[PDB]
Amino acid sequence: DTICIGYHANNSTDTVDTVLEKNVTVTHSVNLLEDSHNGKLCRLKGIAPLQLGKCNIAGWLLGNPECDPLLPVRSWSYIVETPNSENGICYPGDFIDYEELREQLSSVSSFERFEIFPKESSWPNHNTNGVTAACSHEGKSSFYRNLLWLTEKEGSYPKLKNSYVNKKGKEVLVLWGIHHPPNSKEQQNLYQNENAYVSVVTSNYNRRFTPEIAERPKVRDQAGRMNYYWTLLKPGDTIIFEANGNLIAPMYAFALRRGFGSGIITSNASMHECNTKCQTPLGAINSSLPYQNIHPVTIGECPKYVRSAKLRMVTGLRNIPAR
């Protein structure tokens, strides 16, 4: 009669590494590294992301004619740009503090696009039909949907002064532009006043813009330039535009609602009717593991990104079938 003391063994082929030995076959183990996802863009807790498609933040907010499909979208869980998001500004120029504007939008959960200055009744003494081949739609010269190009009327460009009181109970993002003719002749024909200027002020914003005329290389067939600016009008505050030329006035503005967990990501993956708690540019993740080696960019609640190819923790013991 004999009684022996021994340990469990099996067919398991799992391997793990230790400090003293690599690839040690064990009986039971647990993976802590998530490496799977569905190469799809999903809703984040039921809320769909804003897909800018061929447009970028600039195109979307200024109302580039090629981004009309975005006009009605009022809320999203995250923002998505693609490698092919070229349609930004259509009229050449500089978008001042553009990166900071993007950062601002990354914490916006939703907004209401509204007419801050109705086209029909805001500029009684100025022409508002200004258009450009640089911003064409349906093969016809057009303009930004949220801005209005003001020009002289009947050989005159009166000094304008319009105001808007923020009674939306929320921060209102106001955008506008300043046009810069390539020569004085154009400055004269468009705005009449040779030494024009634009002024924009609120309780905490104060800037003056002077046209800077000069011949410039053509971009999108334009020697002219248009610089874009923006500011956040506090609830209850008033913004005043005053000018005698060169102002590309605001028509539509945005009452913003703040949220958490949003952000902008770049992806070439497609949107599908799936839901997730964790989204990456490559696809969505559904996991409880502590780490993942899929992508460093994450939206939601995700495992920690790490460069590891493998992270397997041994639970059972050294497997020795002894066959």
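Start at 1 with the first residue shown and count on from there.
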property: Of 155-163 and 142-150, the one with larger mean CA B-factor; result: 155-163
property: Stretch with the greater mean C-alpha B-factor as recorded in the entry, comparing 57-65 against 267-275; result: 267-275
property: Selection from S75, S121, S106, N246 [criterion: highest C-alpha temperature factor in the record]; result: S121
property: Most elevated Cα B-factor in the entry, residues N206, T231, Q192, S110; result: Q192
property: Among modelled residues of the same chain, the CA temperature factor third for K304; result: lowest
property: CA B-factor placement of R220, once the chain's modelled residues are sorted into thirds; result: middle
property: Third assignment of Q51 from its chain's C-alpha B-factors; result: middle
property: Among modelled residues of the same chain, the CA temperature factor third for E212; result: middle
property: Record-listed C-alpha B factor of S262: chain third; result: middle
